[PDB]
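Worksheet for the structure shown next.
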Amino acid sequence: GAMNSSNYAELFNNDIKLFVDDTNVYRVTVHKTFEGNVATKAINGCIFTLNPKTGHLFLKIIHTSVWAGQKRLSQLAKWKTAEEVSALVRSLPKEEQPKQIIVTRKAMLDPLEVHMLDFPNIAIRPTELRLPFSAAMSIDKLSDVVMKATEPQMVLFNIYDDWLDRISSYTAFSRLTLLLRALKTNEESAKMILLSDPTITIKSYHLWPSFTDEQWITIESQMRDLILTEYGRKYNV
Amino acid sequence: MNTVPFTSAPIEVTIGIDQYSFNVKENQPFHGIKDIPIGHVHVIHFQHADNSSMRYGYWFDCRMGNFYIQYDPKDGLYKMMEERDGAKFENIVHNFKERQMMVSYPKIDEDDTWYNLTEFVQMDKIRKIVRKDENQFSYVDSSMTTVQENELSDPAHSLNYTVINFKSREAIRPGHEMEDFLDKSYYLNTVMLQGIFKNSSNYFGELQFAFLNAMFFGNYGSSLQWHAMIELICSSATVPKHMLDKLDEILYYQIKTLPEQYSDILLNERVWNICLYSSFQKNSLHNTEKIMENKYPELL
Ligand SMILES: CNC(=O)CN(c1cccc(Cl)c1)S(C)(=O)=O
Ligand SMILES: CNC(=O)CN(c1cccc(Cl)c1)S(C)(=O)=O
Ligand SMILES: CNC(=O)CN(c1cccc(Cl)c1)S(C)(=O)=O
Ligand SMILES: CNC(=O)CN(c1cccc(Cl)c1)S(C)(=O)=O
């Protein structure tokens with residue numbers, strides 16, 4: 001069944017599961033042609049496949065060459081996503097394979113179910129949650145590896161850095177979703193908040209700054225304020 | 001012309017014989033149906049007046065034996081039987097005919113409805129869907145489930161229609177996932193037609209039988225099968241022209257015959273709107289699209 005507020009804690013139990021977000025697989029810039037028509041130019045994209053218990057992000061970079069000579073690219077992108085997720089599952093040892101894959105967009109259900117027919121015991125589930133994983137390309141280091149890729153590539157990231165040494169998975173996912181929601185609502189403000197204190201550096205192998213517990217509380221408050229601020233700017237409240 | 005004689009009519013019942021229905025009163029001088037056209041399968045069906053939940057019937061072909069209906073007061077239904085003694089049976093039928101104790105199959109000469117609904121239906125194939133090998137006729141009722149329904153509970157009493165499942169390894173070649181899911185031609189032409197059914201006549205025969213079972217008994221499993229077999233064709237980009245033209249004729253006569261008051265339950269909105277307006281064959285079913293739009297424009 002669908003994952004929602006009511007069964008949210010299931011994300012942090014000991015059954016291996018992956019979220020799959022396809023928002024950033026097929027990405028384009030729209031531009032005018034010399035004749036005054038409109039055309040698109042693809043740019044590199046990525047599949048965002050995340051284990052919410054452990055922070056493991058299997059970031060499959062989608063290089064623009066995969067679209068060459070293909071038609072109906074927005075449809076193909078869902079199938080290519082499902083093809084790559086299926087390939088990842090097959091590449092993992094049996095004891096690492098997920099028991100459930102949760103897709104962030106319902107249009108991924110049939111493509112993924114069809115690609116996973118060999119795995120009848122892996123549940124393919126939608127969600128009622130509005131998750132902000134499209135903003136993954138606002139994390140500078142992730143955007144950089146995607147944009148520099150010259151061929152298809154899988155890049156591995158822990159999206160929680162070392163937070164799980166100090167906090168639980170539930171708290172780590174909440175922090176991640178707050179940060180991504182903030183970056184989605186006002187990317188400039190959010191990045192200003194995260195980088196207002198340059199003394200707090202991002203480790204070479206990390207994605208986010210090395211905040212202390214107390215600093216994370218302040219940061220999280222500043223992100224909540226940003227989200228409420230933008231909500232008032234949008235709705236004139 | 002052939003005859004299905006009856007013991008009597010001890011309980012009040014609506015009797016169907018193909019697309020006709022008539023009422024018989026409790027203990028009325030009713031001994032059967034004569035003038036049944038040779039060359040087609042037929043169905044004789046029943047709805048008891050005192051229990052509308054009792055809807056059952058028998059598919060038969062009079063070329064395969066002499067059949068009679070006898071009420072069984074223990075099992076509470078009209079049963080079809082076979083009389084092996086031809087002489088005795090011909091004499092029994094002659095006596096009833098002389099006494100004008102039989103109704104006459106009311107086929108209009110201009111009318112090809114029954115042929116058109118049963119063109120590809122063969123008793124031998126019916127007997128593989130409905131397995132009861134000791135009889136030459138086949139019992140079907142409202143409640144009998146299909147093999148596919150049972151997979152998702154008595155096997156000997158099931159409708160063994162060919163299982164069609166669009167999200168199954170049978171339907172989807174490894175490495176052609178998107179291709180095979182969006183264009184079902186492989187599954188229609190190689191898996192089903194070449195592999196299982198052998199030819200389109202057998203495919204259409206099962207499609208026609210499923211429709212008739214759904215329409216005569218309110219058999220949900222048959223309704224599911226009829227629509228699945230339509231959708232498999234309509235969702236294939238590559239279908240022989242003769243099959244498309246025949247499918248249009250098949251469906252036209254099915255839609256024409258359907259009781260108007262049962263359209264809401266017998267026609268799946270999704271399948272029909274998909275098939276007539278979105279599918280690869282949306283422009284290949286002219287006669288069917290015309291009758292649907294003029295008879296059931298609401299559903300669309
Ligand atoms: C360990 N190698 C890494 O690159 C980083 N990590 C990881 C991330 C994603 C998937 C996998 Cl399988 C491992 S980890 C284990 O350090 O958190
Ligand atoms: C009371 N049981 C019956 O009459 C059954 N019989 C029969 C056979 C063929 C047709 C009819 Cl209609 C009746 S018989 C032979 O016993 O007379
Ligand atoms: C006029 N009422 C009727 O039932 C007439 N009809 C009919 C009657 C008795 C037996 C049979 Cl087989 C049919 S019919 C042909 O219109 O369906
Ligand atoms: C789920 N419905 C059932 O099992 C029985 N019904 C039905 C519904 C749609 C098509 C068909 Cl053939 C039958 S009925 C007769 O009650 O309307």
Side-chain angles (χ1 to χ4, degrees), chain A residues 16 18 48-60 88-89 91-93 95-98 141-142 145 153-165 169 172 203-207, chain B residues 2-10 29-34 44 47 52-55 65-73 78-97 99 101-102 140-146 149 159 210-227 254 258-259 261-269 271:
Chain A
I16 301 170
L18 298 168
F48 183 97
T49 297
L50 169 65
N51 184 328
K53 178 83 166 177
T54 60
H56 289 168
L57 164 57
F58 300 83
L59 197 80
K60 174 64 191 230
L88 167 67
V89 170
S91 80
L92 291 165
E95 70 277 5
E96 294 179 38
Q97 291 175 341
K141 296 196 155 171
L142 299 188
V145 68
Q153 183 179 6
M154 167 77 90
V155 187
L156 302 176
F157 290 99
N158 192 305
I159 203 156
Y160 299 155
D161 291 346
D162 57 343
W163 304 342
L164 297 177
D165 297 350
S169 297
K203 302 297 128 285
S204 79
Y205 56 90
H206 275 180
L207 294 182
Chain B
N2 277 128
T3 303
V4 173
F6 274 54
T7 278
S8 66
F30 175 80
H31 290 284
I33 303 165
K34 64 182 190 167
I44 184 171
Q47 182 150 32
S52 25
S53 87
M54 229 77 156
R55 227 202 298 213
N66 298 315
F67 304 117
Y68 69 92
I69 290 290
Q70 170 162 99
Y71 179 69
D72 174 9
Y78 287 99
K79 297 193 171 174
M80 182 165 283
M81 326 270 281
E82 189 168 6
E83 179 47 72
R84 53 153 325 119
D85 188 350
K88 180 188 207 183
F89 176 94
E90 286 155 22
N91 185 294
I92 280 313
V93 160
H94 174 268
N95 164 78
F96 284 147
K97 280 191 182 166
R99 303 202 328 107
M101 297 287 113
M102 299 190 161
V140 179
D141 72 36
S142 299
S143 68
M144 279 170 50
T145 52
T146 66
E149 280 182 310
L159 291 164
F211 168 78
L212 294 167
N213 281 331
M215 179 177 72
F216 287 142
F217 304 105
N219 185 278
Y220 191 65
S222 302
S223 180
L224 292 185
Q225 185 67 13
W226 177 55
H227 285 90
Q254 286 170 342
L258 259 191
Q261 302 297 310
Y262 298 157
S263 57
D264 49 343
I265 68 224
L266 286 180
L267 301 174
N268 184 281
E269 186 179 71
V271 171

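Ligands are counted one by one from 1 in listed order, and the atoms in each one are counted from 1 as well. Both backbone and side-chain heavy atoms feed into the values below; hydrogens, waters and symmetry mates do not. Numbered from 1 within each chain, the chains take letters A, B, ... in sequence-line order.
Residue B/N219 has at least one heavy-atom neighbour below 4.0 Å for each of these atoms of ligand 4: 12 (Cl). Heavy-atom contacts of B/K88 reach the following atoms of ligand 2: 15 (C) (cutoff under 4.0 Å). Atom numbering of ligand 1 starts at 1 in the shown order; those under 4.0 Å from a heavy atom of A/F157 are 8 (C), 9 (C). The atoms of ligand 1 that sit less than 4.0 Å from any heavy atom of A/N158 are 17 (O).
Of all protein heavy atoms, the one closest to atom 3 (C) of ligand 1 is A/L156 CB, 4.3 Å. Looking from atom 2 (N) of ligand 4 to the surrounding protein, the closest heavy atom is B/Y220 CD1, 3.7 Å. Of the protein's non-hydrogen atoms, the one nearest atom 14 (S) of ligand 4 is B/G218 O, 5.0 Å. The single protein non-hydrogen atom nearest to atom 10 (C) of ligand 4 is B/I265 O, 3.7 Å, given as residue, atom name and distance.
Across A/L207 and A/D161, no two heavy atoms sit closer than the pair N-OD1, 2.8 Å. Across all their heavy atoms, A/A172 and A/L164 have their closest contact at CB-CD2, 3.8 Å. Scanning both residues, B/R55 and B/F216, for their nearest heavy atoms gives CD-O, 3.2 Å. Closest heavy-atom contact between B/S223 and B/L266: OG-O, 4.3 Å.
The residue from A/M154, A/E96, A/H56 that puts a heavy atom closest to atom 15 (C) of ligand 1 is A/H56. The heavy atom nearest to atom 6 (N) of ligand 2, considering only B/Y68, B/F89, B/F96, B/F67, is found in B/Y68.
The side-chain contact (heavy atoms from CB on, under 4.5 Å) test with A/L57 is passed by exactly one of A/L156, A/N158, A/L142: A/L142.
Proximity of the aromatic rings of B/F6 and B/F30 is defined here by a centroid distance below 6.0 angstrom, and this criterion is met.
Remark: side-chain polar atoms of B/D141 are not paired, donor with acceptor, to backbone N or O of B/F217 under 3.5 angstrom. Here the side chain of B/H227 pairs no donor or acceptor atom with the backbone of B/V271 at under 3.5 angstrom.
Residue-level proximity to ligand 1 for A/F58 is carried by the side chain, the only part with a heavy atom below 4.0 angstrom. Of the heavy atoms in B/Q70, only side-chain atoms (C-beta onward) come closer than 4.0 Å to ligand 2. Within the 4.0 Å heavy-atom criterion, neither part of B/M81 lies near ligand 2.
Below 30°, between 30° and 60°, or above 60°: for A/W163 and A/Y160 the angle between ring planes is below 30°, a parallel geometry.
At a distance under 4.0 Å, no protein heavy atom can be found next to atom 17 (O) of ligand 2. Within the 4.0 Å cut-off (strictly below), a protein heavy atom is located near atom 12 (Cl) of ligand 1.
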